[PDB]
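Some notes on the structure that comes next.
Chain letters run A, B, ... following the sequence lines, proteins first and then strands; every chain starts at 1. FYI, side chains are in, hydrogens and waters are out, and symmetry mates aren't considered; it's all heavy atoms of this structure. One-based numbering, in listed order, for ligands and for the atoms of each.
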Number of protein chains: 2
Amino acid sequence: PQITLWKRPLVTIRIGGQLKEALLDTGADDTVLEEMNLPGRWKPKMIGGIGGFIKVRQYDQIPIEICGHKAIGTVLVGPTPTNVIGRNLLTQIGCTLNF
Amino acid sequence: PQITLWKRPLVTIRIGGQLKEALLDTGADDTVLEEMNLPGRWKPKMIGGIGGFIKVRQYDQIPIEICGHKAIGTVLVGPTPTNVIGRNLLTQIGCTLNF
Ligand SMILES: C[C@H](c1ccccc1)[C@H](C[C@H](O)CN1CCN(Cc2ccc3c(c2)OCO3)C[C@H]1C(=O)NC(C)(C)C)C(=O)N[C@H]1c2ccccc2C[C@H]1O
């Protein structure tokens, strides 16, 4: 579809069996999800945002459905105010910016 | 243009008569640039993102050229890790997300 930017570009995603709302963020290099108890092994990581760094948990090869489009990749889980779908996954669903 | 997301969506902007590089950020509500001098009065403001809040200077109705397209709106200046073009200006140049 085509998403305008008058408001935050929020979409429905499916991960670990749960449906959530996530922001399509072209400015984010990685995908960061709100704290959730995902199964599997993970490794610690520090990611930097506008006002500093936060500590997150990195999970690899996690299947995720974005607005009906299947994708699979790395997901970082930590104390984020909102779920963020970054470029690592946006490229997978063939998302582009146009003007 | 149509921009893919395999690489950071960076573009050249012209502001205050100077050239700079900036990130097209659909996850950013406002536009924030690195510390620099801008003509006109400014008001102190606080914006929050991942990592926390930072103090910035708000300049209103500032003309800015983004990749050849003209826009005139609010521009925040402060200790941001990188130059970001948010939705307030992206909407002015008719930017949309597509997939
Ligand atoms: C989700 C987040 C959000 C928080 C709270 C409410 C809504 C969205 C967005 C994110 C922003 O799109 C992308 N942002 C641009 C600057 N660079 C910087 C960067 C680059 C390189 C780095 C680094 C940090 O650290 C080490 O290397 C960080 C990047 C970011 O936060 N990335 C991760 C992977 C951690 C998610 C964000 O910060 N948004 C705010 C925002 C932004 C600008 C102006 C106004 C406002 C208000 C908000 O909308």
Provide, line by line, the atom pairs where ligand 1 and the protein bring an N/O atom each to a distance under 3.5 Å; else say none.
from	atom 1	to	atom 2	distance (Å)
ligand 1	12 (O)	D25(A)	OD1	2.9
ligand 1	12 (O)	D25(A)	OD2	2.5
ligand 1	12 (O)	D25(B)	OD1	2.6
ligand 1	12 (O)	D25(B)	OD2	3.0
ligand 1	39 (N)	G27(B)	O	3.4
ligand 1	49 (O)	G27(B)	O	3.3
ligand 1	49 (O)	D29(B)	N	3.1
ligand 1	49 (O)	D29(B)	OD2	3.0

Is a donor on one side and an acceptor on the other found under 3.5 Å between the side chain of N83(B) and the backbone of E34(B)? yes

Could you tell me which residues satisfy side chain to side chain contact (heavy atoms under 4.5 Å, CB included) with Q61(B), sequence neighbours excluded, listed by chain and number? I72(B)

Looking at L24(B), is its backbone amide N or carbonyl O close enough to the side chain of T26(A) to form a donor-acceptor pair, meaning the two atoms are under 3.5 Å apart? yes

Ion pair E35(B)/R57(B), N-O distance below 4.0 Å: no

Using the ring of each side chain (for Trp, its six-membered ring), is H69(B) parallel, tilted or perpendicular to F99(A), with breaks at 30° and 60°? perpendicular

Can any side-chain N or O of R14(B) pair as donor or acceptor with the backbone N or O of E65(B) at less than 3.5 Å? no

